[PDB]
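K.L.:
This is upload.tsv, which holds TSV, C-alpha atoms:
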chain	number	residue	atom	x	y	z
U	1	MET	CA	4.63	3.05	1.38
U	2	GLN	CA	1.68	5.05	2.71
U	3	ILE	CA	0.38	7.55	0.15
U	4	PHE	CA	-2.48	10.05	0.40
U	5	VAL	CA	-5.28	9.71	-2.13
U	6	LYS	CA	-6.88	13.14	-2.53
U	7	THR	CA	-10.29	13.34	-4.20
U	8	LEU	CA	-11.79	16.22	-6.19
U	9	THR	CA	-14.08	17.18	-3.31
U	10	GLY	CA	-11.00	17.32	-1.11
U	11	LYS	CA	-10.64	13.95	0.60
U	12	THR	CA	-7.04	12.89	1.24
U	13	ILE	CA	-6.83	9.45	2.85
U	14	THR	CA	-3.71	7.55	3.88
U	15	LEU	CA	-3.60	4.40	1.77
U	16	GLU	CA	-0.66	2.00	1.69
U	17	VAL	CA	0.23	0.56	-1.71
U	18	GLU	CA	3.36	-1.14	-3.04
U	19	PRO	CA	5.06	0.42	-6.11
U	20	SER	CA	4.90	-2.86	-8.02
U	21	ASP	CA	1.22	-3.22	-7.12
U	22	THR	CA	-0.95	-2.13	-10.05
U	23	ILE	CA	-3.64	0.55	-9.75
U	24	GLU	CA	-6.25	-2.18	-9.28
U	25	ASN	CA	-4.60	-3.22	-6.00
U	26	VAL	CA	-4.81	0.40	-4.87
U	27	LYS	CA	-8.37	1.08	-5.96
U	28	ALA	CA	-8.85	-2.33	-4.38
U	29	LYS	CA	-7.76	-1.27	-0.91
U	30	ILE	CA	-9.36	2.13	-1.45
U	31	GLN	CA	-12.53	0.24	-2.39
U	32	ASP	CA	-12.52	-1.80	0.82
U	33	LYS	CA	-11.54	1.27	2.86
U	34	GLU	CA	-14.02	3.73	1.35
U	35	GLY	CA	-16.39	1.57	-0.69
U	36	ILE	CA	-15.60	2.88	-4.17
U	37	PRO	CA	-15.47	0.23	-6.96
U	38	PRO	CA	-12.23	0.13	-9.03
U	39	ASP	CA	-14.22	0.97	-12.17
U	40	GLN	CA	-16.12	3.74	-10.37
U	41	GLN	CA	-13.30	6.11	-9.42
U	42	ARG	CA	-10.57	7.38	-11.75
U	43	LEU	CA	-7.17	8.26	-10.29
U	44	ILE	CA	-4.67	10.69	-11.81
U	45	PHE	CA	-1.10	11.72	-11.01
U	46	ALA	CA	1.47	13.97	-12.70
U	47	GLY	CA	-1.05	14.52	-15.47
U	48	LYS	CA	-1.28	10.80	-16.15
U	49	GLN	CA	-4.39	8.61	-16.12
U	50	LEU	CA	-3.77	5.75	-13.69
U	51	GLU	CA	-4.98	2.72	-15.65
U	52	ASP	CA	-6.26	-0.39	-13.86
U	53	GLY	CA	-3.31	-2.24	-15.35
U	54	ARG	CA	-0.51	0.18	-14.49
U	55	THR	CA	2.19	0.37	-11.82
U	56	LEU	CA	2.95	3.21	-9.41
U	57	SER	CA	6.69	3.63	-10.00
U	58	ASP	CA	5.73	4.43	-13.59
U	59	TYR	CA	3.99	7.60	-12.38
U	60	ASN	CA	6.73	8.39	-9.85
U	61	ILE	CA	4.35	7.77	-6.94
U	62	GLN	CA	6.37	8.21	-3.75
U	63	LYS	CA	5.33	7.98	-0.10
U	64	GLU	CA	2.50	10.23	1.11
U	65	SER	CA	2.02	11.14	-2.55
U	66	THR	CA	-1.12	13.11	-3.38
U	67	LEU	CA	-3.07	10.92	-5.80
U	68	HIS	CA	-5.93	12.73	-7.53
U	69	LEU	CA	-9.21	10.81	-7.34
U	70	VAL	CA	-12.37	11.20	-9.42
U	71	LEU	CA	-15.54	9.76	-7.90
U	72	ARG	CA	-17.91	8.88	-10.75
U	73	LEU	CA	-21.34	10.23	-9.79
U	74	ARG	CA	-24.55	8.32	-10.50
U	75	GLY	CA	-24.40	4.80	-9.09
U	76	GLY	CA	-27.11	2.17	-9.13
E	22	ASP	CA	2.31	23.46	-11.20
E	23	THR	CA	-0.72	22.70	-13.37
E	24	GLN	CA	-1.73	19.55	-11.48
E	25	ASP	CA	-4.85	21.16	-10.01
E	26	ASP	CA	-5.37	23.47	-13.00
E	27	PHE	CA	-6.73	20.71	-15.25
E	28	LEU	CA	-8.23	18.89	-12.27
E	29	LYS	CA	-10.34	21.94	-11.41
E	30	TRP	CA	-12.10	21.41	-14.74
E	31	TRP	CA	-12.93	17.81	-13.81
E	32	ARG	CA	-14.52	18.98	-10.56
E	33	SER	CA	-17.41	20.87	-12.16
E	34	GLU	CA	-17.34	18.55	-15.18
E	35	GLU	CA	-18.36	15.72	-12.84
E	36	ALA	CA	-20.85	17.86	-10.91
E	37	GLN	CA	-23.63	18.03	-13.50
E	38	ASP	CA	-27.32	18.70	-12.86
E	39	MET	CA	-28.94	21.20	-15.24
E	40	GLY	CA	-26.06	22.39	-17.41
Please re-express this file's structure in structure tokens.

P.N.:
Amino acid sequence: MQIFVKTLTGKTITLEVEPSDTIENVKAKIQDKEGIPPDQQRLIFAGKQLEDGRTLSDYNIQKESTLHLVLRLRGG
Amino acid sequence: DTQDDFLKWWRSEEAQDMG
């Protein structure tokens, strides 16, 4: 299952994530692929806030699905 | 088809500088 995480700026990257795998596992891979901490970027889909402790199938996230990302400005 | 509608608000909402 290779989905496409699209950010606000307009960055859609192909990221593979199992449906059972929680959002943390996704932000996890996305964190090691882009360098964005799980608690630094907020993802949204179908008007639902993807919580760190939530599954994908719950938000009807299919393959190549466009997952909205929100990069939290101001780091450290 | 209001997926980007509400998201568009988050774009500028996150891009703050002077206000």

K.L.:
Select from range 8-49 of chain U every residue with an atom at most 12 Å from any atom of range 23-35 of chain E, then for each give the shortest pair of atoms and their distance in Å to one decimal, using all atoms listed in the file, rows by chain and rising number, as a tab-separated table.

P.N.:
residue	atom	partner	partner_atom	distance
U:8	CA	E:32	CA	5.8
U:9	CA	E:32	CA	7.5
U:10	CA	E:32	CA	10.2
U:41	CA	E:35	CA	11.4
U:42	CA	E:31	CA	10.9
U:43	CA	E:28	CA	10.9
U:44	CA	E:28	CA	9.0
U:45	CA	E:24	CA	7.9
U:46	CA	E:24	CA	6.5
U:47	CA	E:24	CA	6.5
U:48	CA	E:24	CA	9.9
U:49	CA	E:28	CA	11.6

K.L.:
Take CA of residue 22 in chain U and CA of residue 75 in chain U and report the distance between them in Å, one decimal.

P.N.:
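Result for CA of residue 22 in chain U versus CA of residue 75 in chain U: 24.5 Å, one decimal.
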
K.L.:
For CA of residue 2 in chain U and CA of residue 62 in chain U, determine how far apart the two atoms are, in Å to one decimal place.

P.N.:
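Taking CA of residue 2 in chain U as the start and CA of residue 62 in chain U as the end point, the length is 8.6 Å.
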
K.L.:
Any idea what the distance is between CA of residue 53 in chain U and CA of residue 74 in chain U?

P.N.:
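Atom-to-atom, CA of residue 53 in chain U to CA of residue 74 in chain U, that is 24.2 Å.
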
K.L.:
Using only C-alpha atoms, find the one residue out of U:25, U:58, U:64, U:52 that sits nearest to residue 13 in chain U.

P.N.:
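For residue 13 in chain U, the nearest of the candidates is U:64.
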
K.L.:
Using only C-alpha atoms, which protein or nucleic acid residues come within 10 Å of residue 21 in chain U? Drop anything in the same chain fewer than 4 positions from it, and give the result as a ChimeraX atom specification.

P.N.:
/U:17,25-26,53-57
